[PDB]
Amino acid sequence: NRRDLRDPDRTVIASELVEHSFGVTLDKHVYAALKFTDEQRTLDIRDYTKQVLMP
Amino acid sequence: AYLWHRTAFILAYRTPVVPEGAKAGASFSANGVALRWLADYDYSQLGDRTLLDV
């Protein structure tokens, strides 16, 4: 703040140090779910790593 | 004109003690008398104040 020099009154204006805040949160659950009927697991799938895990 | 014996007039001086809660001021002399000098700011009036007493 600024005040006139040699002003007969001597009051000064205070300043408040106001701190603000904001929140960060976890809100999503990203997933990939695969169900294999036992027939598909036994016969169709021939290389689990290359054919299921990588996709 | 006044003619006086030395034991006619008694004069006593004492220097005030600088209080514990004050800015460390100096001590001055006036014709052999010791004078207490005190200084203190005035934030409300934004000005310094000084006193010199005995």
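cryo-EM is the method the PDB entry lists for this structure, together with a resolution of 3.44 Å.

Asker: Please set out the overall build of chain B residue by residue, giving values where relevant.
Answerer: Helix and strand counts for chain B stand at zero helices and three strands. Element order for chain B, N to C, with α for helix and β for strand: β-β-β. Computed over C-alpha atoms, the radius of gyration of chain B comes to 17 Å, more than 25% over the 10 Å expected from 2.2 N^0.38 for 54 residues, which places it beyond the range of a compact globule. Referenced to the eigenvectors of the C-alpha coordinate spread, the extents of chain B come out at roughly 55 × 25 × 15 Å. A buried classification covers 13% of the 54 residues belonging to chain B. For chain B, the share of sequence-separated contacts (at least 6 apart) that also reach a separation of at least 24 residues comes to 10%. Accessible surface computed for chain B: about 5000 Å², of which carbon and sulfur atoms make up 57%. Across chain B, the centroid of the 5 positively charged side chains sits 12 Å from that of the 5 negatively charged ones.

Asker: Quick rundown of the packing of aromatic side chains? Include the residues and the values.
Answerer: Tallying each qualifying case throughout the model produces three aromatic pairs over all chains. Their ring planes at 70° and their centres at 6.4 Å tell us that A:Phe36 and A:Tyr48 sit as a pair that is edge-to-face. On the criterion of sequence distance, the pair formed by A:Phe36 in the segment before α1 (38-44) and A:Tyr48 in helix α2 (residues 48-53) is long-range, its members being 12 residues apart. Note on A:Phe36: relative accessible area 29%, which makes it partly exposed. Among the residues examined, A:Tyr48 registers a relative accessible area of 35% and is labelled partly exposed. An angle of 65° between the planes, with centres 5.9 Å apart, marks the rings of B:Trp4 and B:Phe9 as edge-to-face. Comparing B:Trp4 with B:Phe9, the two get one shared label, exposed.

Asker: Give me the side chain of B:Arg36: which residues, what numbers.
Answerer: Residue and element names in this part refer to chain B. Tracing the sequence through the fold places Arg 36 in strand β2 (residues 33-42). Side-chain polar atoms of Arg 36 contact the backbone oxygen of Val 17, separated by 3.4 Å. Engagement of the side chain of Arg 36 in a polar contact is seen with the side chain of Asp 53, the distance being 2.4 Å. Beyond its immediate stretch of four places on either side in the chain, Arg 36 contacts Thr 15, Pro 16, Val 17, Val 18, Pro 19, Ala 26, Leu 51, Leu 52 and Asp 53.

Asker: Can you explain the pattern of salt bridges? Please cite residues and give values.
Answerer: Residues and elements named next belong to chain B. Within this structure, the stated rule accounts for three salt bridges over all chains. Residue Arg 49 is joined to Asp 40 by a salt bridge in which the shortest nitrogen-to-oxygen separation is 2.6 Å. Taking relative accessible area as the criterion, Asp 40 reaches 42% and is therefore assigned partly exposed. Given a relative accessible area of 41%, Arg 49 falls into the partly exposed group. Connected through salt bridges with shared partners, the residues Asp 40, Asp 42 and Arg 49 form a single ionic network.

Asker: Would you mind going over the pairing of strand β1 (residues 27-30) of chain B in detail, with residue names and values included?
Answerer: All names here are of chain B. Examined bridge by bridge, β1 and β2 share four bridges and lie antiparallel to one another. Note that in β2 the partner of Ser 29 across the bridge is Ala 34. Where β1 folds back onto β2 in an antiparallel hairpin, the turn is made up of two residues, including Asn 31, whose phi is positive at roughly 55°.

What counts, and where the lines are drawn
- Residues numbered from 1 in each chain as written, not as in the entry; some residues may be left out.
- Chains lettered and ligands numbered in written order.
- Part of a larger assembly, values for the part shown.
- Heavy atoms only, no water.
- Helix = DSSP H or I, 4+ residues; strand = E, 2+ residues; numbered from the N terminus.
- Rg over C-alpha atoms; globule rule 2.2 N^0.38 Å.
- Buried < 20%, exposed > 50% of the residue type's maximum accessible area, 1.4 Å probe, protein only.
- Contact = heavy atoms within 4.5 Å.
- Areas by Shrake-Rupley, 256 points an atom, 1.4 Å probe, with all protein chains shown as cover.
- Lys, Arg positive; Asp, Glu negative; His and termini not counted.
- Charge placed at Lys NZ, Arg CZ, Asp CG, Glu CD.
- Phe/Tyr/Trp six-rings, centres within 6.5 Å; stacked < 30°, edge-to-face > 60°.
- Polar contact = N/O pair within 3.5 Å; in protein donor to acceptor, adjacent residues only side chain to side chain.
- Salt bridge = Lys/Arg side-chain N within 4 Å of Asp/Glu carboxyl O.
- Pairing = 2+ DSSP bridges.

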